[PDB]
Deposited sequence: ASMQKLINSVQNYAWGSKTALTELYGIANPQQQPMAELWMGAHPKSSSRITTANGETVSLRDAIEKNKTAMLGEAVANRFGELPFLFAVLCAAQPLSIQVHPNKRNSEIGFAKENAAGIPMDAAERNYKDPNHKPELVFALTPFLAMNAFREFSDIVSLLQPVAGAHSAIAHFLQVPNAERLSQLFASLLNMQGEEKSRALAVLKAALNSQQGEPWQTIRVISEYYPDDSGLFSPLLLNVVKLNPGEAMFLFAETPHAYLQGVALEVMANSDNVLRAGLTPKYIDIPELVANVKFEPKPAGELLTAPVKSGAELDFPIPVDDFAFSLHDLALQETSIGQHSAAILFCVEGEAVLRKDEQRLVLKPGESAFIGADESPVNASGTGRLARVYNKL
């Protein structure tokens, strides 16, 4: 068939919501597993499937047998595989603070760690592959996140109340610049024993006298990470509440965390994660610091500003690994075409896809794969369809 309704995998990671995918889309969960991510792609750990003829086949296998026709020549020649994973993320508790190195450093780090025979599944294995990990989140319900350093004057204001927590806070307040921000970031994550306990005590008392954000976000995080030095991170990093339909790009070398709510996430293919708190795992502070850009991002530059052309709302992404757009649906068909493979996902309403004689209906939460050779398709109905594709 031209258009292929996807059979997608749900990752039941312990941190997933037991209800979000059911409340949103009617996805079954009678056994009440945590449902953390709904995956749409060709990931080797659990590829989406397509129906051939009766049988189902792995999308990954289907693509591997026919890369040019399925991916298009540009993506096949640049990446050699579907270059993204698209997911619904349903964060029922706050997740870890993460940084993804840039492509060059990822290549350098992947090598370093190979040339010292570090086991893959080991604690200190920072670079699992040589790829960068650009990511976009697009809010499906109100979506609370941290992303990027605050303006230095903002950090200064927020740290005043906890100046006695740690000498590195005083040091930064004395001269609030990128060097001392770096030292502060690293000192906080390296806090131990009485040093850490004193700092956490001062912060917890501040939660009694300081109201509103980001103190409220610290309170929310403390439910799940009561003894984590990452509880100070909302004072250094922007706290953003995305409304449904808003999006943000997670740049390289930039700390971020997904704290609450449901989002679509599009990500390049990498498992390179340098954690930066809100985690029980060992953190390599020097390697983290060497891969963080200590440059404020002001609040008004955090969201991706999309561009509306006809029925298409494009969210410009500054990497080649993926592109992302939203499409309004109406009675009159709209043509949705691309040079690459596409995944189309029904956000809300109901989508009728048509390619010549074939008609495929998607309800909210369902998705289809469109191979490059099958572009374009016509879409009608009501609501909105999200598309992940490549603009090369």
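Participant: In sequence order, which parts of the deposited sequence are missing C-alpha coordinates?
Facilitator: In sequence order, there is one gap with no modelled C-alpha: 53.
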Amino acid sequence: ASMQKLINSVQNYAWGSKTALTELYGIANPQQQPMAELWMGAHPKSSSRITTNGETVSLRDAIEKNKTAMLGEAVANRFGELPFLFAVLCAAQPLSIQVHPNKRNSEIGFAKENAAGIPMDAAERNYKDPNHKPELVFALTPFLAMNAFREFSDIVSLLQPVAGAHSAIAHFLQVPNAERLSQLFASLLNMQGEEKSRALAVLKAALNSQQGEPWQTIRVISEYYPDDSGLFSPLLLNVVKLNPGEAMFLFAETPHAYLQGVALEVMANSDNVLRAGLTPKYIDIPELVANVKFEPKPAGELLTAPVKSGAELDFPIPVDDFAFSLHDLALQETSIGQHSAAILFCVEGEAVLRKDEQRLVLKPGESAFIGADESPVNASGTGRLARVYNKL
From here on, numbers count along this sequence of modelled residues.
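Participant: Could you check which stretch, 108 to 116 or 79 to 87, carries the larger mean CA temperature factor in the entry?
Facilitator: Going by the record's values, the stretch with the higher mean is 108 to 116.
Participant: Looking only at CA atoms, which has the higher mean B factor in the entry: 284 to 292 or 241 to 249?
Facilitator: Mean B over CA atoms: larger for 284 to 292.
Participant: If you check the C-alpha B-factor for each of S325, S47, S340, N66 in the entry, which is highest?
Facilitator: In the PDB entry, the greatest C-alpha B-factor among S325, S47, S340, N66 is found at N66.
Participant: Take the CA temperature factors straight from the PDB entry and tell me which of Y258, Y224, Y127, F149 peaks.
Facilitator: Max CA B-factor in the entry, restricted to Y258, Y224, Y127, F149: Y127.
Participant: Mind checking which third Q216 falls in for C-alpha B-factor across the chain?
Facilitator: Within its chain, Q216 is a middle-third residue by C-alpha B-factor, going by the deposited values.
Participant: Sorting the chain's modelled residues by C-alpha B-factor, tell me whether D271 ends up in the lowest, middle or highest third.
Facilitator: It belongs to the highest third of the chain when residues are ordered by C-alpha B-factor.
Participant: Would you mind checking where the Cα B-factor of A28 ranks among the modelled residues of its chain, as the lowest, middle or highest third?
Facilitator: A28: CA B-factor falls in the middle third of its chain.
Participant: Using only modelled residues of the chain, where does the Cα B factor of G164 rank: lowest third, middle third or highest third?
Facilitator: Tercile = highest for this residue's CA B-factor.
Participant: By the recorded C-alpha temperature factor, relative to the other modelled residues in its chain, which third is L392 in?
Facilitator: According to the entry, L392 has a C-alpha B-factor in the chain's highest third.
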